[PDB]
Amino acid sequence: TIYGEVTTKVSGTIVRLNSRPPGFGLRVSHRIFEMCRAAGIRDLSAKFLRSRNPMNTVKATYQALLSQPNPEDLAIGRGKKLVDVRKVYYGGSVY
Amino acid sequence: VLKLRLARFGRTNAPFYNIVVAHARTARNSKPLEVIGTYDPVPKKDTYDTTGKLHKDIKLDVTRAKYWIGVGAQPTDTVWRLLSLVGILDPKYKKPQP
Amino acid sequence: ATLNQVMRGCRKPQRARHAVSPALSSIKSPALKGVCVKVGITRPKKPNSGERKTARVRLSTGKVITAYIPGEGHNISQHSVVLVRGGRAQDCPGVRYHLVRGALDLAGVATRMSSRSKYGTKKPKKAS
Amino acid sequence: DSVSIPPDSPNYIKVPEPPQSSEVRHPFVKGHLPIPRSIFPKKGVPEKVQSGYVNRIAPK
Amino acid sequence: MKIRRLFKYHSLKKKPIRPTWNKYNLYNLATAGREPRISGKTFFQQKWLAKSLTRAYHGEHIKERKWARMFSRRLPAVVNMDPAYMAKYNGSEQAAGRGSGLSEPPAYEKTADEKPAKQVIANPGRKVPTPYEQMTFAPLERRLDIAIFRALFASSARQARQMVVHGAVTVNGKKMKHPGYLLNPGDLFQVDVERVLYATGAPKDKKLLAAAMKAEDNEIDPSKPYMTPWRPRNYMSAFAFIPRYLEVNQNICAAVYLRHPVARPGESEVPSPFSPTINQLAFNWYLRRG
Amino acid sequence: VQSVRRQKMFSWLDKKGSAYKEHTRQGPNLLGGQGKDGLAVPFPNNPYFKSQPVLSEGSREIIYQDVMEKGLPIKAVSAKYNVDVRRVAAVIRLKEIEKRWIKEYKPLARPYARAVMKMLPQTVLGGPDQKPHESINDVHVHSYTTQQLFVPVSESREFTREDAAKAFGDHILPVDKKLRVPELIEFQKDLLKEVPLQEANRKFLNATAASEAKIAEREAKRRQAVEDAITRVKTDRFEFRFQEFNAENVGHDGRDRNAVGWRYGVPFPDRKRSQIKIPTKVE
RNA sequence: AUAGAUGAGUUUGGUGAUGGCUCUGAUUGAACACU
RNA sequence: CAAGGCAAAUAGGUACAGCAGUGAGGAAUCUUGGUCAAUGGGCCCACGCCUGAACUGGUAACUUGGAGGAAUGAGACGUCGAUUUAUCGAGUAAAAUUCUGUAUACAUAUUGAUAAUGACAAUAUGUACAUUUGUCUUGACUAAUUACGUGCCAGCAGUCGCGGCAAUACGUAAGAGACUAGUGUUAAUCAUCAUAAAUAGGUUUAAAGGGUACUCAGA
Ligand SMILES: [K+]
Ligand SMILES: [K+]
Ligand SMILES: [K+]
Ligand SMILES: [K+]
Ligand SMILES: [Mg+2]
Ligand SMILES: [Mg+2]
Ligand SMILES: [Mg+2]
Ligand SMILES: [Mg+2]
Ligand SMILES: [Mg+2]
Ligand SMILES: [Mg+2]
Ligand SMILES: [Mg+2]
Ligand SMILES: [Mg+2]
Ligand SMILES: [Mg+2]
Ligand SMILES: [Mg+2]
Ligand SMILES: [Mg+2]
Ligand SMILES: [Mg+2]
Ligand SMILES: [Mg+2]
Ligand SMILES: [Mg+2]
Ligand SMILES: [Mg+2]
Ligand SMILES: [Mg+2]
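Residues numbered from 1 in each chain as written, not as in the entry; some residues may be left out. Chains lettered and ligands numbered in written order. Part of a larger assembly, values for the part shown. Heavy atoms only, no water.

This entry lists cryo-EM as its structure determination method and reports a resolution of 2.85 Å.

Structure below.
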């Protein structure tokens, strides 16, 4: 899944992508299902807010996957750890 | 007149009763003052008991029923027979020995 | 709107949309019986062309509507009791209803093989 | 317990489950029951639970 | 009454994979396409293709309406915790660095250095994906008739359903005649030995038996429905497997439903002959049946 | 004449599919063949489903002796042979049913048993400890522990599993307490303290043997309270069982899930879809 | 109750918007047609 | 007590929105049954009497739940429809064989109830029986094709549309895709619809800024 929530706008077409827990599945529209199933994503939730233009929905979705919040940068910026709770809980990354 | 009686519930050929505290002159299945317990007339059988003995499941709040009998509640003939078995009242009927 | 404008009742129900078959939607009825005041023909609008078999029916509620007769060939005429259902003829203006083929006086298409339930046609029973 | 638990019953060997190992979602039960009335006041000790109360309101 | 949906049950032209041990089914399973063609199909055409393929096997004898609500978006799973790790580390090292642990050099630098960096501390068996998509049809594995077919007591899911309807099964020592009974963790279902020997045994052949009239071990007994001496059905080995949520005992034809099927990292417990790509589209179909 | 599709079938069914017609080897013979981890794959298109081994007939008996004759606690036999406690308890129930048949002179399905066991992979508990039968430490993934949480904390905090459990919820426990044999942790901590293996094993038995004593004691007191609440009055025909309860526990609004009585103000749901009308529990 | 949030057809020479309509989901104390 | 309807005239009753039932209206909703055995209620010192409350039998696929059959089935060297007349299908399908005894029928027992009382039926056990297909769709949305007929005609159509002589959209035939004792259609409700937006919208050019700002109430 993606890191956190992302919202990108391309000319009146807003897409909102949300990270979901494991086993949630690709509960997204048809064109987002193809992009996620091709990039390797398996758990996501999407929502078109303003416009469902076929072209701008793919440009906004692709741009959202490239502008995810990087926890490594957010930590160095604020001077505080952003601990991966799910990783400490199971002692490692459970893919 | 308060009465300790039974409210017939369930389905066709599947009787199930609620022991209730209700005024005599009210509908049988109207919401009573209290639900003292339940009563299933059809006798059941233990799962892994091949002896053939049967039993009847009856849930009753004896502490709450004793208070109503103490203040002057009148149980019906059916509830009287049940309250006499647990040992609260004396039986109204007995098998003639002669 | 501001919270004050909403508190005073700015939000009102959206203006109603007219139903496809108002004579049936107004009273929640799926169908209505009626007598045929006239049985004739209606002409479609610009794009399509032909002759659409329609009937002027006087519903049991008093309203006079124009119903479309589905299928090839019909049996009803003036003073004929027929059952009316919803659904409109898209290319015909004013024809906002259909007639049921297995209705009281209206008969089902006799030489019908496909979609018999839509035209009130009994099975040929040729096998039995 | 008059009849011993046979080896067919699931209770023959009791193996309790660890905590937070199931997430069964019980369905919402419809209907209600009459709330039994209160017999005592919420503060103080009433005179109904004294020593000689019954013998006073129900003499022989 | 044979419905229209069961006419070409083992079609060699359609090649449907059914839940049975039929020899025609074995050929359809062995020669199944390595990957269905979903190149130029739309999203609906992909979900319908995956729904038709999977429903031909999972709950084949269950109506589409009943399974539509039996389908659950809850895909259970488990994780393995090594006591050796939990006894030496308290999980703090997993939060080193900036919250996600220390960074390791890229792959194009490790092998360059003849010395491999020390093994990173972590619970063993991590960073391996869990096949959640493969658990779409797990709820079906809880029905009594299905559990009997997974215990190798019947040759098909429909034959096991008849054993239940005909009072040949006994759950927790009590007669059970409902094939839709949902087993609970710990329930012990037992089938009559006579129905298992016939269901899994070889057909009773008179021509071969006619030659064996007179011409541990066993003997001949023509007074039984199966061919004596009892031998396993043909092609039964190609379908021989028992999942891990069952504990079968063949001596008495009894099994215990230990738990519900779960997904473990790198493994699933739902027997399904389809790939994650198909089980992922079937799951997406039953989210809204469209 | 047979159709070409049948002709192709019987051609494959006699050349390549003939190895499956009869089972002659010792072990699984499946289409997918041996996987990359040494397990057979029944379906080639689903590599994740595998033919896991089964406890051989000899192994089932060994488990029966350690729990019934030697009296060892189930948690000890589980940790010793790496068999889940839920499976160890099942092997005992199934074995007890065999003793019944053997005692009642019922014929066992021995021909069916032997022929089937050859088709399945097996583990032999005892001398050859090749691999553990299964993982006895699998913890259930709780819904709360599945969320993606990145908690901001000081740059040098020691964020442990206890702190992670609280970050998911106030009532959540760490995986250290969700194990079925939690004594394995205390056993592994002894090895860290250079405790001899023979002594570490002693404390493990006393730990498991003592834990089952509390479990067996709780169940005893539980069943007693269930009987002290029942008044059994024997009549000429039946035995009336009067179970006592507190009729005041109906919730603040009368809508309590565990309340006793046929609830008022609710019609029959017999006309609703997905209505369960069959027994849900055979106790 | 922590899994629960999804779209599709249709205005234009074309593009992006605005904005309705219809379909996709569930249901009825239903009716009608074929059974 | 008055009025109109029905009955009544020298009377002064009746109003079925009590149960069953009839007529009418309507697209449309059932028996003029049995018993007070069970639960409840009225009267009674007691016994007991009464109870269209109630419990039970009947009618309707209106709905829900369940049953409504499983396994084997290869050269009948037969049939049928297409067609690269030798290829592709019907087709493991059928027949046949081996088993089961499901709804249900019958029988026994128990039980609904006990002080006694059983209208009617449930459950358990034993024996026996292998019994229907129906309906919609097939241009795109939307899973699923050809041939012929028709020729902007006849017709289809939820939306966009189709039909003007070589129509995968109409009618027929076959095939295919589906649901199934149901299947479609009509009507309605929620959701779709951030499509009256409190959560949570908008008003330069697209629906929408008051002609103006001093001002009471109000924020
Ligand atoms: K819009
Ligand atoms: K009436
Ligand atoms: K009575
Ligand atoms: K257009
Ligand atoms: Mg139009
Ligand atoms: Mg056809
Ligand atoms: Mg222009
Ligand atoms: Mg009247
Ligand atoms: Mg009428
Ligand atoms: Mg009475
Ligand atoms: Mg009396
Ligand atoms: Mg029977
Ligand atoms: Mg009487
Ligand atoms: Mg298509
Ligand atoms: Mg048509
Ligand atoms: Mg056509
Ligand atoms: Mg049904
Ligand atoms: Mg202005
Ligand atoms: Mg003005
Ligand atoms: Mg103006």
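Anyway, onward from the coordinates.
Participant: Just to check I follow, could you spell out the overall build of chain E for this structure?
Facilitator: When you go through chain E residue by residue, the secondary structure sums to ten helices and eight strands. What you see for chain E is a C-alpha radius of gyration of 24 Å, clearly larger than the 19 Å of a compact globule of 290 residues, by over 25%. With the C-alpha coordinates aligned to their principal axes, the bounding extent of chain E is approximately 80 × 50 × 40 Å. Carbon and sulfur atoms form 53% of the exposed surface of chain E, whose accessible area is close to 13700 Å². For chain E, the distance from the average site of its 49 positive side-chain charges to the average site of its 23 negative ones is 13 Å. (Helix = DSSP H or I, 4+ residues; strand = E, 2+ residues; numbered from the N terminus. Rg over C-alpha atoms; globule rule 2.2 N^0.38 Å. Areas by Shrake-Rupley, 256 points an atom, 1.4 Å probe, with all protein chains shown as cover. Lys, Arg positive; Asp, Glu negative; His and termini not counted. Charge placed at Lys NZ, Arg CZ, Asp CG, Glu CD.)

Participant: What should I look at first to understand the interface of chain F and chain D in this one?
Facilitator: The extent of an interface is frequently quoted as the accessible surface area lost upon association of the parts. Counting residues at the interface gives 42 residues for chain F, matched by 33 residues for chain D. With both chains or domains summed, chain F and chain D bury close to 3300 Å², and 56% of this area falls on carbon and sulfur atoms. Of all residues in chain F, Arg93(F), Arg255(F) and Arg257(F) give up the largest surface area on contact with chain D, accounting jointly for 19% of the area buried on that side. Two residues, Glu219(F) and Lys14(D), come together in a salt bridge whose shortest N-O distance is 3.8 Å. For the pair chain F and chain D, the number of links is 13 residue pairs in polar contact. Mapped by element, the contributors of at least two residues to the side of chain F that touches chain D are α4 (85-103) and α8 (197-228) of chain F. Ranked by residues supplied to the side of chain F that touches chain D, first place goes to α4(F) with eight residues. (Contact = heavy atoms within 4.5 Å. Buried area = accessible area lost by both parts, 1.4 Å probe. Salt bridge = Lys/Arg side-chain N within 4 Å of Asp/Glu carboxyl O. Polar contact = N/O pair within 3.5 Å; in protein donor to acceptor, adjacent residues only side chain to side chain.)

Participant: What is the right way to look at the packing of aromatic side chains in this model?
Facilitator: The relation between two aromatic rings is expressed through the spacing of the ring centres and the mutual angle of the planes. Counted by the stated rule, this structure contains 30 aromatic pairs over all chains. Considering the side-chain rings of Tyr67(B) and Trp68(B), the 5.2 Å spacing of their centres and the 70° angle between planes classify their relative orientation as edge-to-face. Feature note: the residues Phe9(B), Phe16(B), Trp262(F), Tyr264(F) and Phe268(F) constitute an aromatic cluster, connected by ring pairs. The side chain of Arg20(A) reaches across the aromatic face of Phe24(A), ending 5.4 Å from its centre. In this structure, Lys51(E) packs its charged tip against the face of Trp48(E), placed 3.4 Å from the ring centre. (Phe/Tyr/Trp six-rings, centres within 6.5 Å; stacked < 30°, edge-to-face > 60°. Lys NZ or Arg CZ within 6 Å of the ring centre and 35° of its normal.)

Participant: Please explain the interface of chain E and chain F as it appears in this structure.
Facilitator: Listed as interface residues are 92 residues of chain E and, on the opposing side, 77 residues of chain F. Between chain E and chain F, the buried area comes to about 7800 Å², and carbon and sulfur atoms account for 61% of it. When the buried area of chain E at its contact with chain F is split by residue, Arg244(E), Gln250(E) and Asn251(E) rank highest and sum to 10% of it. Taken together, chain E and chain F are joined by two salt bridges. We note a salt bridge from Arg87(F) to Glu247(E), for which the minimum N-O separation is 3.8 Å. Applying the counting criterion to the chain E and chain F interface returns 33 residue pairs in polar contact. Class assignment for the residues of the side of chain E that touches chain F results in 50 nonpolar, 24 polar and 18 charged. In this sheet, strand β3 (residues 138-140) of chain F lies alongside strand β1 (residues 78-80) of chain E in antiparallel orientation, the contact comprising three bridges. Bridge assignment links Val79(E) to a residue of β3(F), and that residue is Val139(F). (Nonpolar A, V, L, I, M, F, W, Y, C, P; charged D, E, K, R; others polar. Pairing = 2+ DSSP bridges.)

Participant: What is the right way to read the sheet that holds strand β5 (residues 95-99) of chain C from this model?
Facilitator: Within a sheet, neighbouring strands are paired by backbone hydrogen bonds and run either parallel or antiparallel to one another. Residues and elements named next belong to chain C. If you trace the five strands once around the closed barrel, you get β1-β2-β3-β5-β4, paired in mixed fashion. Looking at each pair of strands side by side, their axes are set apart by 55° on average, direction ignored. Across five bridges, strand β1 (residues 31-42) lies against strand β4 (residues 81-85) in antiparallel orientation. Bridging across to β4, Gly34 finds its partner in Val82. (Axes fitted to C-alpha atoms, helices over the stretch in contact; angles between N-to-C directions.)

Participant: Which parts of the structure should I look at to understand the protein's contact with RNA strand G?
Facilitator: In the vicinity of RNA strand G there are 44 residues, among which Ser11(A), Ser117(C), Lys122(C), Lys123(C) and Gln147(F) approach most closely. Taking the atoms of RNA strand G that fall within 4 Å of the protein, sugar and phosphate contribute 73% of them. Within the backbone of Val28(A), one N or O atom sits 3.1 Å away from a base oxygen of RNA strand G. A distance of 3.0 Å separates a phosphate oxygen of RNA strand G from a polar atom in the side chain of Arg25(D). Breaking the surface near RNA strand G down by element, the ones donating at least two residues are α1 (30-39), β4 (44-48) and α2 (54-65) of chain A together with α10 (276-288) of chain E. Sorting elements by how many residues they give to the surface near RNA strand G places β4(A) first, with three residues. (Near = heavy atom within 4 Å.)

Participant: It is not clear to me how the pattern of salt bridges should be interpreted in this structure. Could you clarify?
Facilitator: Side chains that carry opposite charge are capable of pairing whenever their charged atoms lie near each other. Under the counting rule described, the total for this entry stands at 37 salt bridges over all chains. Between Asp270(F) and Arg11(B) there is a salt bridge whose closest N-O contact spans 2.7 Å. You can see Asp270(F) sitting in the segment after β6 (239-243) and its partner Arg11(B) sitting in strand β1 (residues 2-11), one on each of two chains. With a relative accessible area of 30%, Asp270(F) lands in the partly exposed category. Between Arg64(B) and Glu34(B) there is a salt bridge; the shortest N-O distance is 2.4 Å. (Buried < 20%, exposed > 50% of the residue type's maximum accessible area, 1.4 Å probe, protein only.)

Participant: Sorry, what's going on with the nonpolar core here?
Facilitator: Inside soluble globular proteins, nonpolar side chains tend to come together where they are buried. Ranked by size, the top nonpolar core spans 93 residues in total, and within it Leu44(A), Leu144(E), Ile148(E), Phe153(E), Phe189(E) and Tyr112(F) carry the most contacts. If you tally residues by element for this core, the top one is helix α6 (residues 144-150) of chain E, at five residues. With residues near it in sequence (within four places) discarded, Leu144(E) still touches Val164(E), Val169(E), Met176(E), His178(E), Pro179(E), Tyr181(E), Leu183(E) and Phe189(E). Residues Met70(E), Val79(E), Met86(E) and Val270(E) belong to the second largest nonpolar core, which totals 41 residues. (Core = buried A, V, L, I, M, F, W, Y, C linked by side-chain atoms within 4.5 Å.)

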